[PDB]
Every structure is written in C-alpha cells, then in structure tokens.
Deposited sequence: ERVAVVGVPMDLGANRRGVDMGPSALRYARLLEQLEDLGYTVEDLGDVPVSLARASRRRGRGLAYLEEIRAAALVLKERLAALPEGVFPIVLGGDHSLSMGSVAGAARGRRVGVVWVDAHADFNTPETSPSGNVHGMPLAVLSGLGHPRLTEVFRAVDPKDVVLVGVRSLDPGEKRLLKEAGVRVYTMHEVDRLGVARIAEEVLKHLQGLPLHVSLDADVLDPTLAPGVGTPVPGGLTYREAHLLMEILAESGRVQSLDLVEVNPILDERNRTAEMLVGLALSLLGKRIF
C-alpha cells in the first residue's frame, strides 16, 4: 500500500535521471494505481570517486533501512553504483534475491576493470572488490543473484561470474527460451525469497531507450520488458526497486524515463486485465 521514492543524482548526464523520472510522472501514476506515495527527495551527492560514492551510498543504505517495514522503496538514479547502497539498505539484514535487469553485469573488480565504480556494484554486493566498498555493502550471496538481458561482458567479468556461480541469462538465452520461461526460472531459482529488482535502462534496445550512457544493440523489446515485470509482480515477492542509468542528455523527448516509469508500474501490479 505504501511506496517511498528517493533519488540519487549521482554521476561519478545520468545525474539528471531522477528529475527525468519524476517528470515522467512516476509518482502521480503510482497514486492512480492505488498506492499512497511519499517522495523522500534526493540523497546528497558530492578508483575514481570511490570515497564520494561510498559516502552517498551509505546515506542511501541508512535511509532505506529506516523505512518502516511494509514501505516499498523505489530508488531513482544516475549511476548504477547507487545499488550498493539500495540493495544493502533494502535487504534489512535479511537474505534477499536480486534480479539484475541490465545489458551489463556490473560484476567487475578493481582488478578486472576503465576503473569506473558503476561497473562493479553487483560484484561489491556479492562481496567481491575493493574492501572499502565490500565492508559496508556486501549484502547478497552470488547464488541468490540472477542477471537478465546481458549482452556485453568484459573478459575478467566472465571469469568472476562463473567462479561465483551467478545465474546469467544473456540475450542468447532470452532469444532461445523466451522471457516467459526465463521469468519463471528466475522465480524458481530465487524461490521463497523477497526480491529486489534493479532495472538499468540500457537493458532495453537502444532504438527504444536511447537515453542511456552505454547503449548496446539487440536488447529487450517494450513488450518483453513489460512481460518480465508483470510475471515478477505476479509472484508477490518483489519488495524493492532501482530505476537507474536514465540519461536525459542522450534521450529523446524523455521517452527512456517514460519507459522505465511504465515498467515500474507493471512491476507494482499494473495490468491490462
């Protein structure tokens, strides 16, 4: 019944993502859906910038852990790095499954690689990476993580993912199996666990979502993304959500932000029938 929205304008043009999502009327539409919604505003944001990222993500983690239970958090973001804080915070010390819907795996470590932290959050959350990050953000077991829509990986990432035993559904599996079957398998693999969904806008085909920093051709269609959100919603186990990497500076008429808002609605129960 209750939903809390918090923004993380972190870009360490994605820092404009939270405003774009708000402008796509995420809040008004959540209310039309029957939810009572509260906008918590934005979390202050001031190798590269590791400490600054740590500081911001820490505020986020603490902000989410404070929420009275029963309040569904939706984090609007810039960098996917914010997920280190959102997942750790939203998990509330309990075992949660993570469904990472992204064109990338974000499973790099300082060792595997351009040194961008927003390319290592899922690894950090899994307990792999720089100590200053894992010490406060490790929050999920690699076996309780599922990647969906992946189509671009670094050599080092591939190794780590395999070593860690993370279930990965690349676009190859999406094409081969279909979203309906994959969604079912995702729920089975993470059965009995509350689920945190982290949705990176770049999972959508670039033709549909141009407003992303690292576009990769051959992504999910509008319909597949909605189906995935609908099936995950049906499970009734989704407890939190990240809407990240929206970059209005590369977008067209804010359609990428509008896309993600529509997907959030589907994930929270909006149905045709």
Unmodelled ranges, which are counted on the deposited sequence from position 1 and given in order: 13-17, 52-62, 130
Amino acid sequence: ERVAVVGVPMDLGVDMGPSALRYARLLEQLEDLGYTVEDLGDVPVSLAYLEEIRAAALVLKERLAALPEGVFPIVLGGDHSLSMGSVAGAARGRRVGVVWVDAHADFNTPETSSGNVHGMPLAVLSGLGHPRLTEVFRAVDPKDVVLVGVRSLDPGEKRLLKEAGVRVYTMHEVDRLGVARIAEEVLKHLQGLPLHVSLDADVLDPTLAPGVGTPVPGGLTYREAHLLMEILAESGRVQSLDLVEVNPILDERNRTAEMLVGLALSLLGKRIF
From here on, numbers count along this sequence of modelled residues.
Taking only the CA atoms, which stretch has the higher mean B-factor in the record, 123-131 or 144-152? 123-131
So which stretch wins on mean C-alpha B-factor, 22-30 or 221-229? 22-30
Top Cα B factor in the deposited entry, candidates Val238, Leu204, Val212, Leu243: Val212
Top Cα B factor in the deposited entry, candidates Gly178, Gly77, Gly97, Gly93: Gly93
Sorting the chain's modelled residues by C-alpha B-factor and splitting them into thirds places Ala183 in the lowest
Taking the entry's C-alpha B-factors for this chain, is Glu173 in the lowest, middle or highest third? lowest
Looking at the entry's B-factor column for C-alpha atoms only, identify whether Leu190 ranks in the lowest, middle or highest third of its chain. middle
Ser81: CA temperature factor from the record, placed by chain third, in the middle
Would you check the entry's CA temperature factor for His196 and let me know if it's in the chain's lowest, middle or highest third? lowest
